[PDB]
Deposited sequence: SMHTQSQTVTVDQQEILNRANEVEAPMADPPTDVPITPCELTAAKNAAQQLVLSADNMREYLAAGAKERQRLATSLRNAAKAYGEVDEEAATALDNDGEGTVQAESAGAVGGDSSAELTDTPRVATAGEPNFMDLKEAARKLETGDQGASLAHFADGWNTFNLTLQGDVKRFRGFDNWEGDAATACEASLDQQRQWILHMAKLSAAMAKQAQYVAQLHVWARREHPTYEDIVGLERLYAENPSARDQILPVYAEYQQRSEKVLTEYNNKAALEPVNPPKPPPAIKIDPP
């Protein structure tokens, strides 16, 4: 019905305008435990996957804009503008090492900043999908296939926003886990103090001994818990759907 070729060209420019940049904050391990460091490296890898697939999606949108320009060419002309030591003795050396690892590092501040950035990116991605709306005037069959391709791009972007939210939730979960670990695990200073209450009271040991044994058991329940809850699934984003290909007329 005297198709607006200009509408198609304008939508082609709008489709492949750059979207907001994903965050680039680096999540640091909250402590020196191996499970914590592995969780941080998993988060780094997942953020790398997200950035790579977002760039791939921008390439898909560029191809889609090209196909829309080719479809607009079927109505005429386009003016292309742009060109140990002892048996039986309390360890205290493993307990002390566990506490030392738990209290070294930023305790999860980096994780929280990471999660805030990706939650913001989830909202930002959801805000930028008017570029995939249907057309006002253009109809037919090039139009319907183009509309389906744009809606596929929209669904993929929404899925990417959901994955951003999931990765941010994972970072927050690891941060909460570290906070819980700091709370129930016995303090380094408490351990050192109880260790001096075993070299400054050979007499008193039958009060010091069960206390140590409590501390030991708590340490074991924390580290083990830390090791099991901290294993994270990698985020595995789907590849963006291939744009509809439309040859020049």
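Participant: Could you list the ranges of the deposited sequence that have no C-alpha atoms in the model?
Facilitator: Seq positions lacking coordinates: 1-8, 92-123.
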